[PDB]
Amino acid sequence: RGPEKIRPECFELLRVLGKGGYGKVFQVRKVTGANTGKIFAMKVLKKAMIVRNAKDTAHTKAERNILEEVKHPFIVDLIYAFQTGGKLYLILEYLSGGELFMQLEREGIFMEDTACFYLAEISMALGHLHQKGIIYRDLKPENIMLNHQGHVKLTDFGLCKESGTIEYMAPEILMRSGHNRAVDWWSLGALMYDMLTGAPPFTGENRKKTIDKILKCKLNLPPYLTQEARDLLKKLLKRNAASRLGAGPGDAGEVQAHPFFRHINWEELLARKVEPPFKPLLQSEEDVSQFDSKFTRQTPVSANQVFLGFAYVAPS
């Protein structure tokens, strides 16, 4: 009758929220114990195929470490982690807010007032990650999600699906020519562009024809963008990594100091007091409204180290 064991049978599968090559994300209801009835996302990974690849294991382990060590309002919160013989289980907060760039489709385009807010929250998350010496690397629209209140939550610190996109990669990533944290500020620029124009800054016909447009780095500024937004984009989307904004020791502070964010109260923003442009309806805590419908039912289908000490219960 001591501390709760927290095995897979503590959760009821409600629905699929996404499938990948390495595993699945479910919406789950905890059915016994400390949060009996609360809704989580359950990420389930296949140990056997993770350990078949170094880079894959590296990402898994890193994530498991990041989500224990790094806790921030705009970063997904890990609640439990555990494992069985063949599977790894991560229990994160269920982010009923869905993807942010899913709104981009119904808006067509984000207004600068709106995009700013979300870029502002994202930047604060990126800034904290860098402070802990973590670079997020392959940042893309898919990764930005929203909580029940509609605030930004970064996610996907581990593996990829399929076993993705490349137009949000900085040039120095595609060249494989080494990269510092300045790589994440490019991604912010490319996300800003996507928000304010609908699609990525540079896009081609195929795998390598796309790369060429990114390497050449040609600014396609639409006239409706304000002076400041034009300036910030040409400062975030610089080819030369050293010349990029936020590349210097200023980092996030350097970015956040730009006139584009002149209206952001950072204290209130971080405290999540500023009302977000889009607050998603409720009608429940288990609402999957903006998680579209490729997903339904519920079914989960000796070198054990070192997922050794994988177990975790969040102190909160």
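The numbering used is simple: start at 1 and walk along the sequence shown. Under this definition, the rigid core comprises the largest set of C-alpha atoms superposing within 1.5 Å between the forms.
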item	value
Segment of greater CA departure in 7 other deposited structures of this protein, 254-262 or 32-40, core superposed	32-40
More shifted region, core-based fit in 7 other deposited structures of this protein, 217-225 vs 237-245 by CA	217-225
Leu269 not built in a third or more of the other entries	no
Cross-entry absence of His59, a third or more of other PDB entries	yes
Chain break class for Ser163 to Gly164, judged by how many deposited residues have no coordinates	10 or more
Between neighbours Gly309 and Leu308, residues that the deposited sequence lists but the model omits	none
251-259 versus 276-284 - which carries the larger mean C-alpha B factor in the record	276-284
117-125 versus 233-241 - which carries the larger mean C-alpha B factor in the record	233-241
Per the PDB entry, maximal CA B factor within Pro171, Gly189, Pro73, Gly98	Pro171
Candidate residues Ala62, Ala271, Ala34, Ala41, the one whose C-alpha B factor the record puts highest	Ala34
Ranked against its chain, the third holding the CA B-factor of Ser289	highest
Ranked C-alpha temperature factor of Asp77 among modelled chain residues, by third	lowest
B-factor third for the C-alpha atom of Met102 within its chain	middle
Lowest, middle or highest third - CA B-factor, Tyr89	lowest
Within-chain third of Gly204 by Cα B-factor, per the entry	highest
